[PDB]
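Chemist: Please find one structure pasted underneath; my questions will follow.
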Amino acid sequence: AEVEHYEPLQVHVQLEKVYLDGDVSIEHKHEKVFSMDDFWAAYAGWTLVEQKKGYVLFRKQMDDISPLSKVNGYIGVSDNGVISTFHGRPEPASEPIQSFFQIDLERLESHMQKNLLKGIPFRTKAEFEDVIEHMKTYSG
């Protein structure tokens, strides 16, 4: 619907950085573009999540968990086997970064869930996806 102009277009493009963790760095860019087509070419690699006249939402994701996740690394499940990452102890006094999936902890191996209950003290990327592949392995 957007047109190609000569007079610039102030696009507020939200650039997400999606990490494996679940955390995503939200960036806000406002750029003037003359040709929206050049703008599209610019972020062609990014995943266009939505666009409206004035604001565009793109995400670019990596196979890394984020630099902050190597300081945090806390994967926390809620009692419903909620696969969410948290900053620090996964408790209601903390906030869920996202929400991936839910699984039965009763069907979990007991000490697996317990680790997830207090939160993993540290995770590297492959260790994250290891525990995550283990989580999805229940999937209920």
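Starting from 1 in every chain, residues are counted up; chains themselves are A, B, ... following the order of the structure tokens, and ligands are numbered from 1 as listed.
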I'd like the contact shell of residue A:79 - 9 Å cut-off, only C-alpha atoms, skipping same-chain residues fewer than 3 positions apart - returned as number ranges by chain.

Modeler: A: 82, 104-105, 113, 117

Chemist: Excluding same-chain residues fewer than 6 positions from residue A:5, what lies within 12 Å of it counting only C-alpha atoms, as a ChimeraX atom specification?

Modeler: /A:32-39

Chemist: Interatomic distance between atom CA of residue A:66 and atom CA of residue A:21?

Modeler: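 If I compute the distance from atom CA of residue A:66 to atom CA of residue A:21, I get 7.2 Å.
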
Chemist: Can you list every residue in chain A that DSSP puts in helix (DSSP H, G or I), as JSON, numbers by chain?

Modeler: {"A": [36, 37, 38, 39, 40, 41, 42, 68, 69, 70, 110, 111, 112, 113, 114, 115, 116, 117, 118, 125, 126, 127, 128, 129, 130, 131, 132, 133, 134, 135, 136]}

Chemist: Only N, CA and C atoms, please: the residues just picked out, written as a PDB file, in the first residue's frame.

Modeler:
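Heads up, here's the output in out_19.pdb:
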```
ATOM      1  N   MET A  36      10.407   3.008  -0.456  1.00  0.00           N
ATOM      2  CA  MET A  36      10.129   1.937   0.489  1.00  0.00           C
ATOM      3  C   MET A  36      10.745   0.659   0.014  1.00  0.00           C
ATOM      4  N   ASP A  37      10.851   0.532  -1.281  1.00  0.00           N
ATOM      5  CA  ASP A  37      11.448  -0.643  -1.924  1.00  0.00           C
ATOM      6  C   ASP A  37      12.912  -0.798  -1.543  1.00  0.00           C
ATOM      7  N   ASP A  38      13.599   0.325  -1.338  1.00  0.00           N
ATOM      8  CA  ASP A  38      15.008   0.269  -0.948  1.00  0.00           C
ATOM      9  C   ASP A  38      15.088  -0.116   0.518  1.00  0.00           C
ATOM     10  N   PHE A  39      14.085   0.329   1.284  1.00  0.00           N
ATOM     11  CA  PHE A  39      13.958  -0.010   2.673  1.00  0.00           C
ATOM     12  C   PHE A  39      13.729  -1.523   2.807  1.00  0.00           C
ATOM     13  N   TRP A  40      12.849  -2.056   1.959  1.00  0.00           N
ATOM     14  CA  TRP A  40      12.545  -3.482   1.952  1.00  0.00           C
ATOM     15  C   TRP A  40      13.767  -4.274   1.588  1.00  0.00           C
ATOM     16  N   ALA A  41      14.540  -3.749   0.672  1.00  0.00           N
ATOM     17  CA  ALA A  41      15.772  -4.399   0.258  1.00  0.00           C
ATOM     18  C   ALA A  41      16.788  -4.375   1.387  1.00  0.00           C
ATOM     19  N   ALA A  42      16.748  -3.316   2.165  1.00  0.00           N
ATOM     20  CA  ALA A  42      17.650  -3.135   3.280  1.00  0.00           C
ATOM     21  C   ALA A  42      17.408  -4.180   4.367  1.00  0.00           C
ATOM     22  N   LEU A  68      23.667 -11.288  27.532  1.00  0.00           N
ATOM     23  CA  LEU A  68      23.067 -11.212  28.843  1.00  0.00           C
ATOM     24  C   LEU A  68      22.702 -12.628  29.321  1.00  0.00           C
ATOM     25  N   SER A  69      22.306 -13.491  28.424  1.00  0.00           N
ATOM     26  CA  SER A  69      21.997 -14.853  28.803  1.00  0.00           C
ATOM     27  C   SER A  69      23.224 -15.628  29.318  1.00  0.00           C
ATOM     28  N   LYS A  70      24.433 -15.208  28.950  1.00  0.00           N
ATOM     29  CA  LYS A  70      25.610 -15.828  29.549  1.00  0.00           C
ATOM     30  C   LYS A  70      25.937 -15.221  30.922  1.00  0.00           C
ATOM     31  N   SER A 110      12.088 -36.266  37.987  1.00  0.00           N
ATOM     32  CA  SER A 110      11.920 -35.433  39.165  1.00  0.00           C
ATOM     33  C   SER A 110      12.981 -34.331  39.344  1.00  0.00           C
ATOM     34  N   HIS A 111      14.239 -34.650  39.187  1.00  0.00           N
ATOM     35  CA  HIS A 111      15.273 -33.656  39.454  1.00  0.00           C
ATOM     36  C   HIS A 111      15.456 -32.673  38.318  1.00  0.00           C
ATOM     37  N   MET A 112      14.916 -33.019  37.175  1.00  0.00           N
ATOM     38  CA  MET A 112      14.914 -32.146  36.024  1.00  0.00           C
ATOM     39  C   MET A 112      14.042 -30.947  36.316  1.00  0.00           C
ATOM     40  N   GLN A 113      12.799 -31.221  36.707  1.00  0.00           N
ATOM     41  CA  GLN A 113      11.842 -30.160  37.028  1.00  0.00           C
ATOM     42  C   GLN A 113      12.321 -29.311  38.160  1.00  0.00           C
ATOM     43  N   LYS A 114      12.835 -29.947  39.213  1.00  0.00           N
ATOM     44  CA  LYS A 114      13.342 -29.222  40.387  1.00  0.00           C
ATOM     45  C   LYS A 114      14.414 -28.187  39.997  1.00  0.00           C
ATOM     46  N   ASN A 115      15.286 -28.546  39.042  1.00  0.00           N
ATOM     47  CA  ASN A 115      16.324 -27.610  38.572  1.00  0.00           C
ATOM     48  C   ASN A 115      15.689 -26.425  37.910  1.00  0.00           C
ATOM     49  N   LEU A 116      14.660 -26.704  37.167  1.00  0.00           N
ATOM     50  CA  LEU A 116      13.929 -25.702  36.433  1.00  0.00           C
ATOM     51  C   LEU A 116      13.088 -24.835  37.390  1.00  0.00           C
ATOM     52  N   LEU A 117      12.715 -25.411  38.533  1.00  0.00           N
ATOM     53  CA  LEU A 117      11.935 -24.716  39.554  1.00  0.00           C
ATOM     54  C   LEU A 117      12.728 -23.602  40.200  1.00  0.00           C
ATOM     55  N   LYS A 118      14.004 -23.838  40.488  1.00  0.00           N
ATOM     56  CA  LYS A 118      14.779 -22.752  41.066  1.00  0.00           C
ATOM     57  C   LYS A 118      15.532 -21.976  40.001  1.00  0.00           C
ATOM     58  N   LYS A 125      24.755 -21.737  24.822  1.00  0.00           N
ATOM     59  CA  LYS A 125      23.754 -21.927  23.764  1.00  0.00           C
ATOM     60  C   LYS A 125      23.381 -23.390  23.533  1.00  0.00           C
ATOM     61  N   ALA A 126      24.375 -24.270  23.512  1.00  0.00           N
ATOM     62  CA  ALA A 126      24.129 -25.654  23.196  1.00  0.00           C
ATOM     63  C   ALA A 126      23.520 -26.345  24.373  1.00  0.00           C
ATOM     64  N   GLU A 127      23.761 -25.792  25.533  1.00  0.00           N
ATOM     65  CA  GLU A 127      23.239 -26.358  26.750  1.00  0.00           C
ATOM     66  C   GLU A 127      21.789 -25.941  26.918  1.00  0.00           C
ATOM     67  N   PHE A 128      21.487 -24.758  26.422  1.00  0.00           N
ATOM     68  CA  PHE A 128      20.155 -24.222  26.419  1.00  0.00           C
ATOM     69  C   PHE A 128      19.278 -25.063  25.515  1.00  0.00           C
ATOM     70  N   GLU A 129      19.697 -25.236  24.290  1.00  0.00           N
ATOM     71  CA  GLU A 129      18.911 -25.999  23.359  1.00  0.00           C
ATOM     72  C   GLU A 129      18.867 -27.473  23.749  1.00  0.00           C
ATOM     73  N   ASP A 130      19.843 -27.915  24.537  1.00  0.00           N
ATOM     74  CA  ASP A 130      19.863 -29.290  25.060  1.00  0.00           C
ATOM     75  C   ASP A 130      18.744 -29.484  26.050  1.00  0.00           C
ATOM     76  N   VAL A 131      18.655 -28.578  26.984  1.00  0.00           N
ATOM     77  CA  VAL A 131      17.606 -28.641  27.970  1.00  0.00           C
ATOM     78  C   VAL A 131      16.236 -28.384  27.304  1.00  0.00           C
ATOM     79  N   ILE A 132      16.218 -27.511  26.308  1.00  0.00           N
ATOM     80  CA  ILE A 132      15.008 -27.212  25.555  1.00  0.00           C
ATOM     81  C   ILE A 132      14.534 -28.411  24.708  1.00  0.00           C
ATOM     82  N   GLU A 133      15.464 -29.124  24.070  1.00  0.00           N
ATOM     83  CA  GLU A 133      15.099 -30.305  23.289  1.00  0.00           C
ATOM     84  C   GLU A 133      14.587 -31.409  24.218  1.00  0.00           C
ATOM     85  N   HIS A 134      15.063 -31.374  25.448  1.00  0.00           N
ATOM     86  CA  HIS A 134      14.661 -32.307  26.476  1.00  0.00           C
ATOM     87  C   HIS A 134      13.227 -31.948  26.932  1.00  0.00           C
ATOM     88  N   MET A 135      12.955 -30.667  27.019  1.00  0.00           N
ATOM     89  CA  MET A 135      11.631 -30.150  27.408  1.00  0.00           C
ATOM     90  C   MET A 135      10.582 -30.513  26.360  1.00  0.00           C
ATOM     91  N   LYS A 136      10.904 -30.247  25.097  1.00  0.00           N
ATOM     92  CA  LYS A 136       9.974 -30.507  23.992  1.00  0.00           C
ATOM     93  C   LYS A 136       9.794 -31.999  23.783  1.00  0.00           C
TER      94      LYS A 136
END
```

Chemist: Please report the interatomic distance between atom CA of residue A:9 and atom CA of residue A:30 in Å with one decimal.

Modeler: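 Separation of atom CA of residue A:9 and atom CA of residue A:30: 9.4 Å.
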
Chemist: Counting only C-alpha atoms, which of A:95, A:64, A:7, A:109 gets nearest to residue A:124?

Modeler: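 Of all the options, A:64 lies closest to residue A:124.
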
Chemist: Closest to residue A:26 among A:59, A:107, A:87, A:123, using only C-alpha atoms?

Modeler: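 Checking each of A:59, A:107, A:87, A:123 against residue A:26, counting only C-alpha atoms, the winner is A:59.
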
Chemist: What's the separation between atom CA of residue A:63 and atom CA of residue A:108, in Å to one decimal place?

Modeler: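 Value for the atom CA of residue A:63-atom CA of residue A:108 distance: 26.4 Å.
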
Chemist: Would you write out, as a Markdown table, a table of all residues in stretch 41-127 of chain A that have an atom no more than 12 Å from an atom of stretch 14-19 of chain A, listing for each the closest atom pair and the distance in Å to one decimal, considering only C-alpha atoms and ordering rows by chain and rising residue number?

Modeler:
```
| residue | atom | partner | partner_atom | distance |
| --- | --- | --- | --- | --- |
| A:43 | CA | A:15 | CA | 9.5 |
| A:45 | CA | A:15 | CA | 11.9 |
| A:46 | CA | A:15 | CA | 8.5 |
| A:47 | CA | A:16 | CA | 9.2 |
| A:48 | CA | A:15 | CA | 9.6 |
| A:49 | CA | A:16 | CA | 9.7 |
| A:50 | CA | A:14 | CA | 9.8 |
| A:51 | CA | A:14 | CA | 9.9 |
| A:52 | CA | A:14 | CA | 11.7 |
| A:54 | CA | A:14 | CA | 11.1 |
| A:55 | CA | A:14 | CA | 7.6 |
| A:56 | CA | A:14 | CA | 6.3 |
| A:57 | CA | A:14 | CA | 4.7 |
| A:58 | CA | A:15 | CA | 5.0 |
| A:59 | CA | A:16 | CA | 4.2 |
| A:60 | CA | A:17 | CA | 5.0 |
| A:61 | CA | A:18 | CA | 4.2 |
| A:62 | CA | A:19 | CA | 5.6 |
| A:63 | CA | A:19 | CA | 6.5 |
| A:64 | CA | A:19 | CA | 5.7 |
| A:65 | CA | A:19 | CA | 4.9 |
| A:66 | CA | A:19 | CA | 6.0 |
| A:67 | CA | A:19 | CA | 9.8 |
| A:68 | CA | A:19 | CA | 10.5 |
| A:69 | CA | A:19 | CA | 9.2 |
| A:70 | CA | A:19 | CA | 11.9 |
| A:85 | CA | A:19 | CA | 11.4 |
| A:97 | CA | A:19 | CA | 11.4 |
| A:98 | CA | A:18 | CA | 11.1 |
| A:125 | CA | A:19 | CA | 9.7 |
```

Chemist: Considering only C-alpha atoms, return as number ranges by chain whatever protein or nucleic-acid residues lie within 9 Å of residue A:89, sequence-local ones (same chain, fewer than 4 positions apart) excluded.

Modeler: A: 74-76, 93-94, 117-121
